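For reference, the structure is listed below as structure tokens.
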Amino acid sequence: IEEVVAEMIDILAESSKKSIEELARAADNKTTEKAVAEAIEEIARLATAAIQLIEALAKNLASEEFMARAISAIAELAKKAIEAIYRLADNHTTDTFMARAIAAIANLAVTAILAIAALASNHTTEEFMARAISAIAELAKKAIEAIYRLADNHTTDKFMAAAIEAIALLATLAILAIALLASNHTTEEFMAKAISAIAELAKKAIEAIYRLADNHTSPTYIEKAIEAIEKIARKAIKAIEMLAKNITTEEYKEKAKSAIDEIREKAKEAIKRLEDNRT
Amino acid sequence: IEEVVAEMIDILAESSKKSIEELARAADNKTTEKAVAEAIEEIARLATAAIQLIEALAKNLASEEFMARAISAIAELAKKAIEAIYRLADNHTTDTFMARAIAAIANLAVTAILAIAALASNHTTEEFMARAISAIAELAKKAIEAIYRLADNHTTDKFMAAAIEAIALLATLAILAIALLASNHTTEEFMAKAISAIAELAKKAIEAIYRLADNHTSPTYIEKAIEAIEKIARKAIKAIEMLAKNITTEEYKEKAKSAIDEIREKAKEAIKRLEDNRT
Amino acid sequence: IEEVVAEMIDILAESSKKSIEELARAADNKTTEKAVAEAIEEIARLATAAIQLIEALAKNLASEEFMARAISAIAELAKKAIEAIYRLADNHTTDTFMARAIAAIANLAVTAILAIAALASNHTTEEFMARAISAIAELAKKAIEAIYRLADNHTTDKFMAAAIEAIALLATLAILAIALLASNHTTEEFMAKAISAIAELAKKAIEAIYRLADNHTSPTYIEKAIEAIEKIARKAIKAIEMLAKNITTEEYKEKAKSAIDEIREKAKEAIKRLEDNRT
């Protein structure tokens with residue numbers, strides 16, 4: 001009975017969340033930063049382990065109802081961990097450790113997204129697939145935002161550039177993950193939302209990278225930021241287009257065409273602002 | 001040829017065993033405590049990594065004989081790692097690190113249990129599944145006492161509660177894992193053996209939590225211990241109940257209810273005296 | 001679309017590689033030996049992480065060329081990390097840290113090989129499997145040399161014995177992995193090539209261990225070295241034989257008989273010279 005298996009999943013989830021919180025609460029009472037990073041590491045490893053366990057267990061589910069429960073559980077684990085890591089990250093003074101917290105957030109997000117994507121591939125109901133797609137989008141945006149806020153506190157362009165790199169992958173993979181699942185929708189309504197979700201991800205990543213990039217002093221890194229931004233846009237456009245290639249009603253695609261145009265105009269404007277501020 | 005795959009699995013196991021003890025042996029002559037904790041984590045990683053590798057290798061096996069060896073290998077790894085961690089944990093003076101050691105064992109035990117469950121799910125023969133049931137029970141019991149033994153030498157009570165929770169999950173997860181495997185049996189005698197295993201785990205876990213509670217100083221903790229105990233009891237009973245539902249013969253059922261009756265009252269017995277030890 | 005999954009794989013591979021080079025670059029300018037080791041741990045985990053992600057994704061591919069891309073990607077990941085680690089290991093003065101470095105190199109190679117082995121099992125065309133066998137063999141040979149070069153820099157015979165062990169495990173598993181993959185060849189031309197790969201691996205591992213053993217002063221470790229060499233030879237010979245039973249043409253078998261003989265003669269020569277060096 002998967003109900004019992006889903007219960008096994010819940011048990012793992014609640015404990016993981018509980019452990020994460022207490023460890024976080026413990027970290028607030030510690031002084032030396034190396035140990036604070038360890039608290040983040042413990043949170044990161046626990047979340048990664050639990051996600052891996054739940055996924056492997058989730059493959060043994062035939063019921064979408066229970067598969068949605070596993071995905072629902074997995075997403076909250078990621079979000080909870082990301083928040084815990086973020087607030088702990090606010091207490092770091094060394095960019096190296098702040099970079100590691102950023103690294104941890106990205107890797108959790110990638111792990112969670114890919115896990116959800118792999119599970120979501122087995123859904124026949126579009127409603128549940130839309131929820132999985134929604135979860136991925138929310139995870140990507142959350143992780144990207146956390147990284148941005150942390151990035152403002154770096155002094156080294158190299159570390160800010162490293163943050164930019166991490167954001168780009170979160171954007172790319174999330175889009176790709178969404179694309180694979182969105183390709184499997186027969187309902188036109190849900191397909192339009194994926195385009196909307198993708199567009200928002202593109203806008204978020206592009207804006208964040210711009211804002212970090214605007215704080216660079218070295219031309220070499222700003223050029224890397226510019227390179228990164230358009231690649232996100234080009235990826236997003238293909239995703240929207242390919243999904244649009246398989247939809248028949250133009251009403252929704254005209255908005256999809258609008259989405260493509262907005263992504264371009266936002267990206268072109270962002271890059272344009274960056275080049276104008278270069279020497 | 002699975003013989004070769006089993007040979008790869010065996011090689012992985014022996015190497016893992018070799019590394020774990022050596023690291024443990026090294027740790028006994030080092031002080032610091034940080035390095036001993038590092039050794040424990042390394043041991044945890046070795047066992048977890050090896051178990052994950054072995055499972056993945058074991059999943060491509062069709063012959064049950066080789067799979068039982070794989071299940072046995074996983075069981076042996078845990079016991080060696082657990083025993084090693086326990087003896088090393090006794091060499092720490094800072095209770096926090098012993099609490100961390102408890103975390104490693106619990107997470108380690110869970111990894112092994114689910115792995116065995118996943119392998120055992122592919123068995124058609126009740127005999128080999130029965131070996132897995134005993135193994136899972138033995139892993140939980142070994143880990144639970146190990147956690148129990150460690151809790152007695154520390155000074156901060158809440159970590160006993162942290163230990164108590166960890167104990168609860170081992171009991172909790174083991175029961176469900178046992179339930180899933182027992183569910184695939186057609187012969188009534190073996191189901192009774194599984195119920196007995198469940199009963200032993202429950203009493204084992206419940207007694208431990210009780211023994212920790214008398215060593216607690218503040219009132220809220222025993223209520224949590226009480227909370228922990230009862231959740232274990234109701235489920236185990238429910239698991240036994242649902243398994244008893246699958247028996248047609250009148251003889252065995254009285255023992256299943258006997259198991260239920262013993263689990264309830266003994267649990268009741270443990271808890272109420274705590275109220276006598278409660279303020 | 002498998003292209004999209006392969007596209008996701010591409011992002012992960014380049015990024016892991018991106019991070020690996022950067023971590024290596026940072027490590028070379030730092031002074032605390034632990035921080036270099038810390039970077040190595042990061043290199044190991046990231047390399048391990050990407051493989052863990054890629055493998056699960058690659059299993060969802062139907063086109064074999066894309067599977068070969070994944071095998072290639074995994075292979076390139078391992079080599080890059082190993083090379084990076086070696087460069088860092090040369091900067092260690094303490095053998096203790098070097099033993100850990102040896103472990104990391106070994107563990108990465110094992111991870112990649114097993115991943116490829118699991119992936120390679122899904123190829124029906126002998127051509128790509130021959131590439132898969134080749135990739136595994138080259139990874140093994142590369143890892144053996146890196147460890148061998150590092151072993152030359154140790155002062156403690158015990159740590160070299162650990163290095164000898166590390167070489168042995170890689171040789172054995174690669175040989176066994178190749179055997180499993182070679183078992184799936186129908187063309188005798190291709191089966192003979194797998195035998196050749198095994199023979200080269202055997203001679204290489206034996207050669208490394210022999211040269212390391214000559215630098216020992218203690219008989220106890222050299223006796224372990226004879227043991228180490230001999231176990232490898234026995235495994236390789238039987239592996240080649242098992243492959244030979246499924247060959248129908250006597251011509252290729254003579255090469256296998258030759259291959260076995262070359263392995264045997266190499267081992268006795270190696271062992272005998274070691275016996276001449278005992279007191």
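Labels for the structure tokens follow display order: chains A, B, ..., residues from 1 in each chain, ligands from 1.
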
Quick one: contact table of chain A to chain C, 9 Å max, nearest atom pair and distance in Å to one decimal per residue, counting only C-alpha atoms, chain and number order, as a tab-separated table?
residue	atom	partner	partner_atom	distance
A:111	CA	C:53	CA	7.8
A:114	CA	C:53	CA	8.2
A:118	CA	C:57	CA	8.2
A:165	CA	C:15	CA	8.6
A:166	CA	C:15	CA	8.9
A:169	CA	C:11	CA	7.4
A:172	CA	C:11	CA	8.4
A:173	CA	C:8	CA	6.5
A:176	CA	C:4	CA	7.0
A:177	CA	C:8	CA	8.4
A:179	CA	C:4	CA	8.6
A:180	CA	C:1	CA	7.4
A:183	CA	C:1	CA	8.9

Self-check item: Contacts of residue 121 (chain A) at 10 Å (only C-alpha atoms; same-chain gap of 3+ positions) as an MDAnalysis selection string
Solution: chainID A and resid 116:118 124 129 132 177 180:182 184

Restricting it to N, CA, C and O atoms, dump the selection as a CSV table (one decimal), in the first residue's frame.
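Generated file (result.csv):
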chain,number,residue,atom,x,y,z
A,116,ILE,N,12.3,16.3,-8.9
A,116,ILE,CA,10.9,16.6,-9.2
A,116,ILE,C,10.6,16.3,-10.7
A,116,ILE,O,9.6,15.7,-11.0
A,117,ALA,N,11.5,16.7,-11.6
A,117,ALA,CA,11.4,16.5,-13.0
A,117,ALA,C,11.3,15.0,-13.3
A,117,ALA,O,10.5,14.6,-14.1
A,118,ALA,N,12.2,14.2,-12.7
A,118,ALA,CA,12.3,12.8,-12.9
A,118,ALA,C,11.0,12.1,-12.5
A,118,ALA,O,10.5,11.2,-13.1
A,124,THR,N,0.4,11.3,-15.6
A,124,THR,CA,-0.5,11.3,-16.8
A,124,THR,C,-1.5,12.5,-16.6
A,124,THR,O,-2.0,13.0,-17.7
A,129,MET,N,1.1,17.7,-13.2
A,129,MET,CA,2.3,18.1,-13.9
A,129,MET,C,2.4,19.6,-13.8
A,129,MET,O,3.6,20.1,-13.7
A,132,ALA,N,3.9,20.3,-10.5
A,132,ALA,CA,5.3,20.0,-10.5
A,132,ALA,C,6.1,21.0,-11.2
A,132,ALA,O,7.2,21.4,-10.7
A,177,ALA,N,14.0,21.7,-17.4
A,177,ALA,CA,13.2,20.8,-16.6
A,177,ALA,C,11.7,21.0,-16.9
A,177,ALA,O,10.9,20.1,-17.1
A,180,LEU,N,10.7,19.8,-20.6
A,180,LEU,CA,10.5,18.4,-20.8
A,180,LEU,C,9.1,18.0,-20.3
A,180,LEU,O,8.4,17.2,-21.0
A,181,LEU,N,8.6,18.5,-19.2
A,181,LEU,CA,7.3,18.2,-18.7
A,181,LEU,C,6.2,18.9,-19.4
A,181,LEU,O,5.2,18.4,-19.7
A,182,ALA,N,6.5,20.2,-19.8
A,182,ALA,CA,5.5,21.0,-20.6
A,182,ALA,C,5.2,20.3,-21.9
A,182,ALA,O,4.1,20.5,-22.5
A,184,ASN,N,4.7,17.5,-22.5
A,184,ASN,CA,3.8,16.3,-22.3
A,184,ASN,C,2.4,16.7,-21.9
A,184,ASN,O,1.6,15.9,-21.5

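Rounded to one decimal, CA of residue 37 (chain B) and CA of residue 135 (chain B) lie 27.4 Å from each other.
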
Exercise. Give the answer as one residue: which of C:160, C:150, C:274, C:44 has the shortest atom-to-atom distance to residue 23 (chain C), using only C-alpha atoms?
Key: C:44

Exercise. Tell me which protein, DNA and RNA residues are within 8 Å of residue 219 (chain B), counting only C-alpha atoms, leaving out same-chain ones fewer than 4 positions away, and put them as a ChimeraX atom specification.
Key: /B:223,278-279

Can those selected residues be exported to a file as a PDB file, in the first residue's frame so that it contains C-alpha atoms?
ATOM      1  CA  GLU B 223       5.539  14.168  27.727  1.00  0.00           C
ATOM      2  CA  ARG B 278       6.677  13.192  36.590  1.00  0.00           C
ATOM      3  CA  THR B 279       6.072  16.397  38.527  1.00  0.00           C
TER       4      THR B 279
END

Practice problem: Run DSSP on the backbone and give me the residues of region 24-213 of chain A it puts in helix (DSSP H, G or I), as a PyMOL selection string. | Solution: chain A and resi 24-27+33-58+64-89+95-120+126-151+157-182+188-213

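Atom pair CA of residue 252 (chain A) / CA of residue 3 (chain C) has a distance of 26.2 Å (rounded to one decimal).
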
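Comparing A:206, A:243, A:161, A:168 by their smallest distance to residue 220 (chain A), the closest is A:161 (using only C-alpha atoms).
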